[PDB]
Structure formats: C-alpha cells, structure tokens
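This report refers to the structure that appears directly beneath it.
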Amino acid sequence: XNXXX
Amino acid sequence: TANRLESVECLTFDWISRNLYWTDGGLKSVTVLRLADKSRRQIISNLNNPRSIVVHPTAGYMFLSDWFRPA
C-alpha cells in the first residue's frame with residue numbers, strides 16, 4: 001500500500 | 001507548532017511571504033502558518049489521502065497530490 005507508516 | 005497535528009506528511013515554505021504550509025493525513029486538510037506571528041488557518045479542508053505540497057511564491061500557485069482511488 002501507499003501508507004507512510 | 002505542536003497543537004492539533006495528526007500526520008504531517010509534507011511541509012513547504014513560501015520564503016518571500018514567510019509562510020510554512022503543511023498537509024495532514026488524519027485531519028485531511030492543508031494548513032498554512034506564518035513565522036512572524038503563529039497565525040494559522042486550514043486553507044483546504046476536505047481531502048482524502050493528500051501527500052506532497054509545493055508552493056510557487058512568484059507565480060502565486062500551490063500544488064498538492066491526493067492518492068485516493070480517483071487520484
């Protein structure tokens with residue numbers, strides 16, 4: 001996914 | 001700044017006007033703040049997954065990207 005965390 | 005931040009995914013600086021702009025992934029907004037006095041307002045309010053922001057001080061434009069499904 002493109003989640004920063 | 002440390003009041004009301006939830007995920008500050010990017011910063012950028014309008015060096016001519018002395019304004020710092022940032023994007024928040026949890027509030028889902030763009031905030032701007034000035035460094036001469038700590039004045040701040042959410043200038044854009046209802047994004048989805050906003051990420052990068054950039055500001056062109058001379059042209060007066062700002063650009064930001066939302067990566068939600070209709071990106």
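Chain identifiers are assigned as A, B, and so on, following the order in which chains appear in the structure tokens; residues are numbered from 1 within each chain, and ligands are numbered from 1 in order of appearance.
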Sorted per-residue table, range 11-71 of chain B near chain A, closest atoms and distance, 10 Å, only C-alpha atoms, as JSON lines:
```
{"residue": "B:25", "atom": "CA", "partner": "A:4", "partner_atom": "CA", "distance": 9.6}
{"residue": "B:49", "atom": "CA", "partner": "A:3", "partner_atom": "CA", "distance": 9.3}
{"residue": "B:51", "atom": "CA", "partner": "A:4", "partner_atom": "CA", "distance": 9.5}
{"residue": "B:67", "atom": "CA", "partner": "A:2", "partner_atom": "CA", "distance": 8.4}
{"residue": "B:68", "atom": "CA", "partner": "A:2", "partner_atom": "CA", "distance": 10.0}
```
- Message: Can you pull out the residues contacting residue 27 in chain B? Cut-off 8 Å, using only C-alpha atoms, and skip same-chain residues under 3 positions away; I want them as a ChimeraX atom specification.
- Response: /B:5-6,24
- Extract, using only C-alpha atoms, all DNA, RNA and protein residues at most 8 Å from residue 56 in chain B, discarding same-chain residues fewer than 5 positions from it, and format them as a ChimeraX atom specification. /B:14,61-62
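Distance annotation: of B:10, B:44, B:55, B:2, the residue with the minimal separation from chain A is B:10; atom set is only C-alpha atoms.
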